[PDB]
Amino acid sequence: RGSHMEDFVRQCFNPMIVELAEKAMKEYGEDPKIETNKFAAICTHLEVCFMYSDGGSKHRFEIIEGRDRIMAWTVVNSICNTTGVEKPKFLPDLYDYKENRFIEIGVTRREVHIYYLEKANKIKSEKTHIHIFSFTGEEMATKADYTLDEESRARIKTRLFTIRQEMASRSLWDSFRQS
């Protein structure tokens, strides 16, 4: 059964992101045609992680998100074994070679601190840096250290608010926000 949200996602995100999002869902036995809100959230999270990684100097970040699960852990293990940093308990999204820390990036439709605290409680990994963005232009990061310069974060906030408007224009925002 063909949903508006699924067709919206496919024309709003670039094909590489859509392909990666489908691969991720099928790895965990999920159907982008059924769980269309999860599909949208995964594409959004992917785009933000890639935009974030573009904000650094050239060699600053290792990109973990978007890799196959087994390769993602291999690279995490290479980082931990060569830096001595503690192995995170859950797959993070980037590794910051300049600040020598993993980064967990989150995108939320609620107040930023609610999602921050949730992920900051599922930590165990006390040394992983958390950076949360909302669809209202707010952000919240560990120790108030926002990693990137302001322009790079502002680009992300702008894109997220654009995604919000495009959904609201299609009457898809209420079911997305409430999912």
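Note that residue numbering follows the sequence shown and begins at 1.
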Quiz item: So 136-144 or 42-50, which one's hotter by mean CA B-factor in the entry?
Solution: 136-144
Self-check item: Of 166-174 and 20-28, the stretch whose C-alpha atoms average the higher B-factor in the entry
Solution: 20-28
Quiz item: If you compare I70, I63, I130, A154, which has the highest Cα B-factor in the entry?
Solution: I70
Quiz item: For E150, does the deposited CA B-factor place it in the lowest, middle or highest third of the chain?
Solution: lowest
Practice problem: Within this chain's modelled residues, let me know which third the CA B factor of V85 belongs to: lowest, middle or highest. | Solution: highest
